[PDB]
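Data first, discussion second: the structure below is written as structure tokens.
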Amino acid sequence: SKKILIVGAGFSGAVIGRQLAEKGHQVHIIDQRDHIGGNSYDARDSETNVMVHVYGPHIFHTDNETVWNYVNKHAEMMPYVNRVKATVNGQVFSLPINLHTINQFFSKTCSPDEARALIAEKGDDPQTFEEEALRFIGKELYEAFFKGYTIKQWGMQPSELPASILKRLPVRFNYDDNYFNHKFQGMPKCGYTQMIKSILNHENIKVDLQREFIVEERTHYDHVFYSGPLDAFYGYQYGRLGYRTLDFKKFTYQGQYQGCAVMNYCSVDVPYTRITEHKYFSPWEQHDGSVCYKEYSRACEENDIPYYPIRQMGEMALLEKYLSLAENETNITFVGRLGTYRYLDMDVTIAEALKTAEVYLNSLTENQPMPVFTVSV
Ligand SMILES: Cc1cc2nc3c(=O)[nH]c(=O)nc-3n(C[C@H](O)[C@H](O)[C@H](O)COP(=O)(O)OP(=O)(O)OC[C@H]3O[C@@H](n4cnc5c(N)ncnc54)[C@H](O)[C@@H]3O)c2cc1C
């Protein structure tokens, strides 16, 4: 029976914790926040009865059946297919770019094959160096849907990012407006917080909230699983890792503010990146009042929640410093979106957390040392 400290009550910590707890280990899970869930956390607005996704829209989607089966054990999963609109050029469009977006954009009536001909004769360019340089789609579409969105979202010009990150033509030549191509797509009936609470619901798990990790503690345990920022663990001794932060400005509207869950504003002339109307993530509930967030993207200064990691040369170079400090550590595994500096989806989080616990469990049945990283960086 091993004594485990987990730093974080998000999917990583909850899922590693419950796998271990079930093989009889004594798991202690701590979180600096006053609530479990991590960034997947949702709460019901008190004035409105609206399930608010507190750290932004969280839509569940996976091609992994084992991950799907696992979340259904812990929540009632509701069919929910996310559909995004975008406002730009004084018009409202379906996202991703599809047959309707094209026909509406160019005031046309193209069939799919006619639209393929349009996009080819609208594309521009020998050997492409920039993301700006992807005239897959041409100038009007790059500018409408891609340029101002990158500037607001990444605080960068698309001529500044590499040609990668846009591997394929970003258009779908039919009227399917599902945003996500994943096989399994749903929404927990009662939210992610109730889901993760269920996950944490084992006698071998003790949860302590409003509690920050303190390094000296590490010596009271057989192993630590750490889902906190990898640079923060080292006190940012080499400097902070590049992140974008988000500000959410909350407002309550009486009625329906926008008529969909998520509306993107592609233009630089709109300072928020998108508006989320949370009641739309629970279509099986009726709400008179509505909680909405205007979302603002910005450089992660000090005291900000890290959201989206910027991952270019400068950052990876700085990461490499922490990476070789860390690969020298003896009884710790860094896991999750922050412990590893990657953007991970919820389903990919749980996947990696089931595998992490499985690796650790194996390491005991055997002879063998538990690695500091369970996935490559
Ligand atoms: C804006 C945004 C929107 C997203 N929407 C989707 C979506 O629609 N679909 C999808 O699949 N995924 C979505 N995600 C991804 C999802 O949020 C992540 O997969 C999930 O947050 C991973 O959780 P985690 O357990 O690995 O880490 P986290 O959720 O960040 O949890 C880490 C926990 O560690 C705690 N912590 C950190 N350091 C310490 C410390 N030193 N001491 C104590 N506690 C500490 C924090 O308080 C936090 O609660 C989104 C991500 C972002 C940023």
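As shown in the structure tokens, the chain order sets the letters A, B, ...; within each chain, residues go from 1, and ligands are also counted from 1 in the order they appear.
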
- Task: Compute the set of protein, DNA and RNA residues whose minimum atom distance to ligand 1 is at most 7 Å, using only C-alpha atoms and all ligand atoms, and state it as a VMD selection string.
- Result: chain A and resid 7 to 13 30 to 33 36 to 40 55 to 61 211 to 213 227 to 229 307 to 308 335 to 338 344 to 349

Could those residues be written to a file, using C-alpha atoms, as a PDB file, in the first residue's frame?
ATOM      1  CA  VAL A   7      -0.937  17.847  -6.908  1.00  0.00           C
ATOM      2  CA  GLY A   8      -4.198  18.777  -8.665  1.00  0.00           C
ATOM      3  CA  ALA A   9      -7.868  17.697  -8.522  1.00  0.00           C
ATOM      4  CA  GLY A  10      -8.392  17.973 -12.292  1.00  0.00           C
ATOM      5  CA  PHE A  11      -8.840  15.052 -14.700  1.00  0.00           C
ATOM      6  CA  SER A  12      -5.088  14.038 -14.447  1.00  0.00           C
ATOM      7  CA  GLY A  13      -5.087  13.927 -10.610  1.00  0.00           C
ATOM      8  CA  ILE A  30      -4.446  18.561  -2.866  1.00  0.00           C
ATOM      9  CA  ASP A  31      -5.552  21.645  -4.785  1.00  0.00           C
ATOM     10  CA  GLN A  32      -4.757  25.365  -4.286  1.00  0.00           C
ATOM     11  CA  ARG A  33      -8.308  26.157  -5.572  1.00  0.00           C
ATOM     12  CA  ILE A  36     -12.103  20.270  -7.436  1.00  0.00           C
ATOM     13  CA  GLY A  37     -12.224  19.919 -11.221  1.00  0.00           C
ATOM     14  CA  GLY A  38      -9.280  21.995 -12.399  1.00  0.00           C
ATOM     15  CA  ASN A  39     -10.029  23.926 -15.592  1.00  0.00           C
ATOM     16  CA  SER A  40     -12.856  21.518 -16.468  1.00  0.00           C
ATOM     17  CA  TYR A  55     -12.884  28.318 -17.273  1.00  0.00           C
ATOM     18  CA  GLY A  56     -14.493  28.552 -20.722  1.00  0.00           C
ATOM     19  CA  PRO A  57     -16.541  26.206 -22.963  1.00  0.00           C
ATOM     20  CA  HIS A  58     -15.752  22.549 -22.335  1.00  0.00           C
ATOM     21  CA  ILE A  59     -17.087  20.168 -25.010  1.00  0.00           C
ATOM     22  CA  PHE A  60     -16.420  16.431 -24.598  1.00  0.00           C
ATOM     23  CA  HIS A  61     -15.366  14.496 -27.656  1.00  0.00           C
ATOM     24  CA  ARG A 211      -4.047  23.887  -0.222  1.00  0.00           C
ATOM     25  CA  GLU A 212      -0.887  24.745  -2.150  1.00  0.00           C
ATOM     26  CA  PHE A 213       1.802  22.142  -2.732  1.00  0.00           C
ATOM     27  CA  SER A 227      -0.189  18.340 -12.575  1.00  0.00           C
ATOM     28  CA  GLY A 228       0.900  21.881 -11.676  1.00  0.00           C
ATOM     29  CA  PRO A 229       2.957  24.189 -13.973  1.00  0.00           C
ATOM     30  CA  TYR A 307      -4.496  28.736 -20.607  1.00  0.00           C
ATOM     31  CA  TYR A 308      -2.995  28.233 -24.054  1.00  0.00           C
ATOM     32  CA  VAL A 335       1.498  14.909 -15.834  1.00  0.00           C
ATOM     33  CA  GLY A 336      -1.205  16.940 -17.606  1.00  0.00           C
ATOM     34  CA  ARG A 337      -1.556  20.165 -19.587  1.00  0.00           C
ATOM     35  CA  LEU A 338       0.599  22.151 -17.091  1.00  0.00           C
ATOM     36  CA  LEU A 344      -4.493  18.547 -23.917  1.00  0.00           C
ATOM     37  CA  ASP A 345      -8.186  17.863 -24.401  1.00  0.00           C
ATOM     38  CA  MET A 346     -10.165  16.220 -21.564  1.00  0.00           C
ATOM     39  CA  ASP A 347     -10.349  12.898 -23.320  1.00  0.00           C
ATOM     40  CA  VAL A 348      -6.601  12.880 -24.096  1.00  0.00           C
ATOM     41  CA  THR A 349      -6.010  13.893 -20.430  1.00  0.00           C
TER      42      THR A 349
END

Per residue of region 260-290 of chain A within 6 Å of region 138-159 of chain A, note the shortest atom pair and the distance in Å to one decimal, counting only C-alpha atoms, and order the rows by chain and increasing residue number, as a tab-separated table.
residue	atom	partner	partner_atom	distance
A:266	CA	A:149	CA	4.9
A:267	CA	A:148	CA	5.1
A:268	CA	A:148	CA	5.0

Would you mind exporting the chosen residues as a PDB file, in the first residue's frame, restricted to N, CA and C atoms?
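So the final result, stored in result_11.pdb, reads:
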ATOM      1  N   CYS A 266     -14.247  37.045 -35.556  1.00  0.00           N
ATOM      2  CA  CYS A 266     -12.981  36.848 -36.259  1.00  0.00           C
ATOM      3  C   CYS A 266     -12.178  38.135 -36.415  1.00  0.00           C
ATOM      4  N   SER A 267     -12.872  39.269 -36.443  1.00  0.00           N
ATOM      5  CA  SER A 267     -12.262  40.577 -36.624  1.00  0.00           C
ATOM      6  C   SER A 267     -11.437  41.111 -35.442  1.00  0.00           C
ATOM      7  N   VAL A 268     -10.365  41.830 -35.782  1.00  0.00           N
ATOM      8  CA  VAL A 268      -9.550  42.607 -34.844  1.00  0.00           C
ATOM      9  C   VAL A 268     -10.344  43.838 -34.299  1.00  0.00           C
TER      10      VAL A 268
END

- Message: List the spatial neighbours of residue 66 (chain A) as a ChimeraX atom specification - criterion: any atom at most 12 Å away, only C-alpha atoms, same-chain residues fewer than 6 positions off excluded.
- Response: /A:72-73,184,347-348,350-352,354-355

Close residues, residue 70 (chain A) itself excluded, 12 Å, only C-alpha atoms, min 4 positions apart in chain, as a short mmCIF file (atom, residue, chain, number, x, y, z; two decimals) with C-alpha atoms, in the first residue's frame:
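So selection00.cif came out as:
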data_model
loop_
_atom_site.label_atom_id
_atom_site.label_comp_id
_atom_site.auth_asym_id
_atom_site.auth_seq_id
_atom_site.Cartn_x
_atom_site.Cartn_y
_atom_site.Cartn_z
CA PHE A 11 -8.84 15.05 -14.70
CA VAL A 15 -8.01 9.76 -12.76
CA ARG A 18 -8.80 6.62 -8.57
CA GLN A 19 -6.77 3.98 -10.47
CA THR A 62 -13.27 11.38 -28.25
CA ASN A 64 -11.24 6.52 -27.76
CA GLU A 65 -13.98 4.10 -26.71
CA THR A 66 -12.22 3.21 -23.43
CA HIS A 74 -19.06 8.62 -13.78
CA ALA A 75 -21.74 10.76 -15.44
CA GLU A 76 -24.88 10.53 -17.52
CA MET A 77 -23.59 11.52 -20.96
CA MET A 195 -18.33 13.68 -12.92
CA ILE A 196 -14.92 14.29 -11.30
CA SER A 198 -17.70 10.66 -8.68
CA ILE A 199 -14.19 9.85 -9.94
CA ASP A 347 -10.35 12.90 -23.32
CA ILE A 350 -7.92 10.84 -19.02
CA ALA A 351 -6.27 8.57 -21.61
CA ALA A 353 -3.84 9.48 -16.79
CA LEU A 354 -5.12 5.87 -17.10
#

- Write out as a list in words the residues lying within 9 Å of residue 120 (chain A), counting only C-alpha atoms and excluding same-chain residues fewer than 5 positions away.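 Close residues of residue 120 (chain A): residues 115, 136, 137 and 138 of chain A.
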
Atoms kept (N, CA and C atoms) for selection, written as a PDB file, in the first residue's frame:
ATOM      1  N   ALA A 115     -17.649  23.938 -55.719  1.00  0.00           N
ATOM      2  CA  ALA A 115     -16.922  24.632 -54.642  1.00  0.00           C
ATOM      3  C   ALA A 115     -15.428  24.285 -54.566  1.00  0.00           C
ATOM      4  N   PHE A 136      -4.039  27.908 -49.726  1.00  0.00           N
ATOM      5  CA  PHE A 136      -5.085  26.913 -49.816  1.00  0.00           C
ATOM      6  C   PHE A 136      -6.396  27.601 -50.229  1.00  0.00           C
ATOM      7  N   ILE A 137      -6.734  28.701 -49.544  1.00  0.00           N
ATOM      8  CA  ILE A 137      -8.075  29.331 -49.595  1.00  0.00           C
ATOM      9  C   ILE A 137      -8.115  30.755 -50.171  1.00  0.00           C
ATOM     10  N   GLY A 138      -6.948  31.349 -50.364  1.00  0.00           N
ATOM     11  CA  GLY A 138      -6.885  32.670 -50.968  1.00  0.00           C
ATOM     12  C   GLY A 138      -6.953  33.808 -49.967  1.00  0.00           C
TER      13      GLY A 138
END

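If you look at CA of residue 160 (chain A) and CA of residue 323 (chain A), they are 25.9 Å away from each other.
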
- Hey, what does DSSP flag as strand (DSSP E) within region 221-349 of chain A? Can you give it to me as a ChimeraX atom specification? /A:223-226,243-254,262-265,274-277,289-299,308-309,332-334

Keeping N, CA, C and O atoms, export the residues of the selection given above as a compact mmCIF listing (two decimals), in the first residue's frame.
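File produced: out_22.txt:
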# COMPACT_ATOMS: atom_id res chain seq x y z
N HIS A 223 5.62 8.45 -3.72
CA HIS A 223 5.68 9.05 -5.06
C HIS A 223 4.74 10.25 -5.15
O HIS A 223 3.71 10.26 -4.49
N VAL A 224 5.09 11.26 -5.96
CA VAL A 224 4.21 12.40 -6.24
C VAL A 224 3.82 12.44 -7.73
O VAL A 224 4.67 12.23 -8.63
N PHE A 225 2.52 12.63 -7.99
CA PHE A 225 2.02 12.97 -9.34
C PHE A 225 1.65 14.45 -9.36
O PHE A 225 0.74 14.89 -8.65
N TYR A 226 2.36 15.21 -10.19
CA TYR A 226 2.26 16.66 -10.17
C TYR A 226 1.69 17.22 -11.49
O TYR A 226 2.33 17.15 -12.57
N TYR A 243 2.59 31.49 -22.29
CA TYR A 243 1.19 31.16 -22.28
C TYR A 243 0.37 32.37 -22.72
O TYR A 243 0.82 33.51 -22.56
N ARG A 244 -0.82 32.11 -23.27
CA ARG A 244 -1.86 33.11 -23.44
C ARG A 244 -2.77 32.99 -22.23
O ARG A 244 -3.05 31.86 -21.84
N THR A 245 -3.23 34.09 -21.64
CA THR A 245 -4.33 33.97 -20.63
C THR A 245 -5.70 34.43 -21.18
O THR A 245 -5.76 35.16 -22.17
N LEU A 246 -6.79 34.02 -20.53
CA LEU A 246 -8.13 34.47 -20.90
C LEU A 246 -8.81 35.22 -19.77
O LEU A 246 -8.80 34.76 -18.64
N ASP A 247 -9.40 36.37 -20.08
CA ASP A 247 -10.35 37.02 -19.17
C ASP A 247 -11.76 36.75 -19.66
O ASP A 247 -12.08 36.95 -20.84
N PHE A 248 -12.61 36.32 -18.75
CA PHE A 248 -14.01 36.15 -19.03
C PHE A 248 -14.80 37.23 -18.32
O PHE A 248 -14.76 37.33 -17.09
N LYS A 249 -15.49 38.06 -19.09
CA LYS A 249 -16.40 39.05 -18.53
C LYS A 249 -17.83 38.47 -18.52
O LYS A 249 -18.42 38.20 -19.57
N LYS A 250 -18.35 38.25 -17.31
CA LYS A 250 -19.64 37.61 -17.04
C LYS A 250 -20.75 38.65 -17.12
O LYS A 250 -20.61 39.76 -16.60
N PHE A 251 -21.84 38.31 -17.78
CA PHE A 251 -23.05 39.10 -17.74
C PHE A 251 -24.26 38.17 -17.81
O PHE A 251 -24.15 37.02 -18.26
N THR A 252 -25.38 38.64 -17.27
CA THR A 252 -26.62 37.89 -17.29
C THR A 252 -27.57 38.67 -18.22
O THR A 252 -27.71 39.90 -18.12
N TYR A 253 -28.17 37.95 -19.16
CA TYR A 253 -29.19 38.47 -20.07
C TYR A 253 -30.51 37.76 -19.71
O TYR A 253 -30.51 36.59 -19.34
N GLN A 254 -31.63 38.47 -19.81
CA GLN A 254 -32.93 37.87 -19.64
C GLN A 254 -33.38 37.43 -21.01
O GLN A 254 -33.69 38.26 -21.87
N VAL A 262 -21.69 29.18 -28.74
CA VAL A 262 -20.41 29.82 -29.04
C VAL A 262 -20.56 30.54 -30.38
O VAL A 262 -20.98 29.94 -31.38
N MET A 263 -20.25 31.83 -30.35
CA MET A 263 -20.13 32.71 -31.49
C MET A 263 -18.75 33.33 -31.44
O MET A 263 -18.40 34.00 -30.47
N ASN A 264 -17.95 33.05 -32.48
CA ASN A 264 -16.62 33.63 -32.67
C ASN A 264 -16.69 35.02 -33.33
O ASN A 264 -17.52 35.25 -34.21
N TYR A 265 -15.82 35.93 -32.93
CA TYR A 265 -15.70 37.20 -33.63
C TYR A 265 -14.30 37.27 -34.25
O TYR A 265 -13.30 37.45 -33.55
N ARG A 274 -14.72 35.77 -28.69
CA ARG A 274 -15.95 35.04 -28.79
C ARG A 274 -16.82 35.18 -27.53
O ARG A 274 -16.34 35.58 -26.46
N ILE A 275 -18.10 34.87 -27.70
CA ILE A 275 -19.09 34.98 -26.63
C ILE A 275 -19.66 33.60 -26.50
O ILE A 275 -19.97 32.95 -27.50
N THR A 276 -19.74 33.14 -25.25
CA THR A 276 -20.29 31.85 -24.89
C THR A 276 -21.59 32.06 -24.12
O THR A 276 -21.61 32.80 -23.14
N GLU A 277 -22.67 31.42 -24.56
CA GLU A 277 -23.91 31.44 -23.79
C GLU A 277 -24.15 30.07 -23.18
O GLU A 277 -24.65 29.16 -23.85
N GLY A 289 -33.15 33.25 -17.54
CA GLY A 289 -32.00 34.10 -17.53
C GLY A 289 -30.84 33.32 -18.10
O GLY A 289 -30.83 32.08 -18.11
N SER A 290 -29.83 34.05 -18.57
CA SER A 290 -28.73 33.43 -19.24
C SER A 290 -27.41 34.07 -18.85
O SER A 290 -27.22 35.28 -19.00
N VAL A 291 -26.48 33.23 -18.38
CA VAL A 291 -25.10 33.64 -18.15
C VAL A 291 -24.23 33.46 -19.40
O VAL A 291 -24.17 32.36 -19.96
N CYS A 292 -23.57 34.56 -19.80
CA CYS A 292 -22.69 34.63 -20.96
C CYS A 292 -21.33 35.15 -20.57
O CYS A 292 -21.23 35.95 -19.66
N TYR A 293 -20.29 34.71 -21.28
CA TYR A 293 -18.95 35.24 -21.08
C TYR A 293 -18.49 35.88 -22.38
O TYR A 293 -18.54 35.23 -23.40
N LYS A 294 -18.05 37.13 -22.34
CA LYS A 294 -17.20 37.65 -23.41
C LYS A 294 -15.78 37.22 -23.06
O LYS A 294 -15.33 37.39 -21.93
N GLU A 295 -15.09 36.67 -24.05
CA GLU A 295 -13.78 36.11 -23.83
C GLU A 295 -12.67 36.96 -24.46
O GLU A 295 -12.74 37.30 -25.64
N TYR A 296 -11.65 37.28 -23.66
CA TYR A 296 -10.52 38.12 -24.08
C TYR A 296 -9.16 37.39 -23.91
O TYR A 296 -8.83 36.90 -22.80
N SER A 297 -8.38 37.34 -25.00
CA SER A 297 -7.08 36.67 -25.06
C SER A 297 -5.89 37.63 -24.85
O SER A 297 -5.84 38.72 -25.40
N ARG A 298 -4.91 37.20 -24.08
CA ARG A 298 -3.88 38.14 -23.72
C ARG A 298 -2.66 37.43 -23.11
O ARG A 298 -2.76 36.27 -22.70
N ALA A 299 -1.51 38.11 -23.12
CA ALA A 299 -0.25 37.55 -22.63
C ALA A 299 -0.41 37.16 -21.17
O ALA A 299 -0.94 37.94 -20.38
N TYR A 308 -3.51 28.78 -22.82
CA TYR A 308 -2.99 28.23 -24.05
C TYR A 308 -1.50 28.44 -24.09
O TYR A 308 -1.07 29.59 -24.02
N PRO A 309 -0.71 27.34 -24.17
CA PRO A 309 0.76 27.49 -24.29
C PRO A 309 1.19 27.89 -25.73
O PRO A 309 0.78 27.23 -26.69
N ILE A 332 8.86 11.33 -8.57
CA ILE A 332 7.85 12.25 -9.04
C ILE A 332 7.58 11.99 -10.53
O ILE A 332 8.50 11.64 -11.28
N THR A 333 6.31 12.14 -10.91
CA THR A 333 5.88 12.16 -12.31
C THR A 333 5.06 13.44 -12.58
O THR A 333 4.07 13.73 -11.87
N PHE A 334 5.53 14.22 -13.55
CA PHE A 334 4.80 15.38 -14.01
C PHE A 334 3.85 14.92 -15.11
O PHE A 334 4.25 14.21 -16.04

- Message: Applying 8 Å and only C-alpha atoms, which residues near residue 52 (chain A) remain after dropping the ones on its own chain fewer than 2 positions away? List them as a list in words.
- Response: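 Answer for this query is residues 42, 43, 44, 45, 50, 54, 278, 279 and 291 of chain A.
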
So that I have them on file, write out the residues from the current selection with C-alpha atoms, as a PDB file, in the first residue's frame.
ATOM      1  CA  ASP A  42     -18.408  24.018 -13.796  1.00  0.00           C
ATOM      2  CA  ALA A  43     -20.873  25.430 -11.204  1.00  0.00           C
ATOM      3  CA  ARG A  44     -24.540  26.413 -11.261  1.00  0.00           C
ATOM      4  CA  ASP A  45     -25.079  30.170 -11.271  1.00  0.00           C
ATOM      5  CA  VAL A  50     -27.350  27.790 -15.411  1.00  0.00           C
ATOM      6  CA  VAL A  54     -16.178  28.524 -15.388  1.00  0.00           C
ATOM      7  CA  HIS A 278     -23.643  28.622 -21.264  1.00  0.00           C
ATOM      8  CA  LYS A 279     -27.306  27.516 -21.166  1.00  0.00           C
ATOM      9  CA  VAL A 291     -25.097  33.645 -18.153  1.00  0.00           C
TER      10      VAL A 291
END

- Query: In Å, with one decimal, what is the gap from CA of residue 305 (chain A) to CA of residue 208 (chain A)?
  - Reply: 20.3 Å

- Picked from region 72-284 of chain A by DSSP as alpha helix (DSSP H), as number ranges by chain: A: 72-74, 99-105, 112-120, 139-141, 148-154, 192-199, 230-233

Quick one: write out the picked residues with C-alpha atoms as a PDB file, in the first residue's frame?
ATOM      1  CA  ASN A  72     -20.144   7.083 -18.738  1.00  0.00           C
ATOM      2  CA  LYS A  73     -19.303   5.234 -15.531  1.00  0.00           C
ATOM      3  CA  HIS A  74     -19.056   8.617 -13.784  1.00  0.00           C
ATOM      4  CA  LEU A  99     -20.318  24.455 -48.393  1.00  0.00           C
ATOM      5  CA  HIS A 100     -22.707  26.915 -46.673  1.00  0.00           C
ATOM      6  CA  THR A 101     -19.866  29.248 -45.563  1.00  0.00           C
ATOM      7  CA  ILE A 102     -18.579  29.322 -49.165  1.00  0.00           C
ATOM      8  CA  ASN A 103     -21.943  29.735 -50.848  1.00  0.00           C
ATOM      9  CA  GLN A 104     -22.832  32.516 -48.401  1.00  0.00           C
ATOM     10  CA  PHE A 105     -19.417  34.146 -48.515  1.00  0.00           C
ATOM     11  CA  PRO A 112     -19.507  20.406 -53.626  1.00  0.00           C
ATOM     12  CA  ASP A 113     -17.550  19.839 -56.865  1.00  0.00           C
ATOM     13  CA  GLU A 114     -18.132  23.381 -58.056  1.00  0.00           C
ATOM     14  CA  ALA A 115     -16.922  24.632 -54.642  1.00  0.00           C
ATOM     15  CA  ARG A 116     -13.672  22.601 -54.978  1.00  0.00           C
ATOM     16  CA  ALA A 117     -13.066  24.382 -58.275  1.00  0.00           C
ATOM     17  CA  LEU A 118     -13.694  27.768 -56.667  1.00  0.00           C
ATOM     18  CA  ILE A 119     -11.268  27.126 -53.752  1.00  0.00           C
ATOM     19  CA  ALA A 120      -8.613  25.914 -56.215  1.00  0.00           C
ATOM     20  CA  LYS A 139      -6.948  36.272 -49.736  1.00  0.00           C
ATOM     21  CA  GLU A 140     -10.589  37.147 -48.864  1.00  0.00           C
ATOM     22  CA  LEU A 141     -10.955  33.912 -46.794  1.00  0.00           C
ATOM     23  CA  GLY A 148      -7.599  38.682 -37.242  1.00  0.00           C
ATOM     24  CA  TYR A 149      -8.322  35.478 -35.328  1.00  0.00           C
ATOM     25  CA  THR A 150      -4.626  34.580 -35.064  1.00  0.00           C
ATOM     26  CA  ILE A 151      -3.722  38.200 -34.006  1.00  0.00           C
ATOM     27  CA  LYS A 152      -6.267  38.213 -31.190  1.00  0.00           C
ATOM     28  CA  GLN A 153      -5.722  34.605 -30.143  1.00  0.00           C
ATOM     29  CA  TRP A 154      -1.952  34.346 -30.282  1.00  0.00           C
ATOM     30  CA  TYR A 192     -17.879  17.868 -15.204  1.00  0.00           C
ATOM     31  CA  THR A 193     -17.608  18.754 -11.514  1.00  0.00           C
ATOM     32  CA  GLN A 194     -20.141  16.060 -10.553  1.00  0.00           C
ATOM     33  CA  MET A 195     -18.334  13.679 -12.920  1.00  0.00           C
ATOM     34  CA  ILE A 196     -14.923  14.286 -11.302  1.00  0.00           C
ATOM     35  CA  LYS A 197     -16.495  14.133  -7.840  1.00  0.00           C
ATOM     36  CA  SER A 198     -17.699  10.659  -8.679  1.00  0.00           C
ATOM     37  CA  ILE A 199     -14.187   9.845  -9.941  1.00  0.00           C
ATOM     38  CA  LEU A 230       6.432  22.565 -14.652  1.00  0.00           C
ATOM     39  CA  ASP A 231       8.231  25.924 -14.514  1.00  0.00           C
ATOM     40  CA  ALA A 232       6.473  26.788 -11.215  1.00  0.00           C
ATOM     41  CA  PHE A 233       7.721  23.619  -9.536  1.00  0.00           C
TER      42      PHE A 233
END

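Picture a line from CA of residue 287 (chain A) to CA of residue 49 (chain A); it runs 6.6 Å.
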
- Residues at most 9 Å from residue 178 (chain A), counting only C-alpha atoms, excluding those fewer than 3 positions away in the same chain, as a PyMOL selection string? chain A and resi 81-84+95-96+181
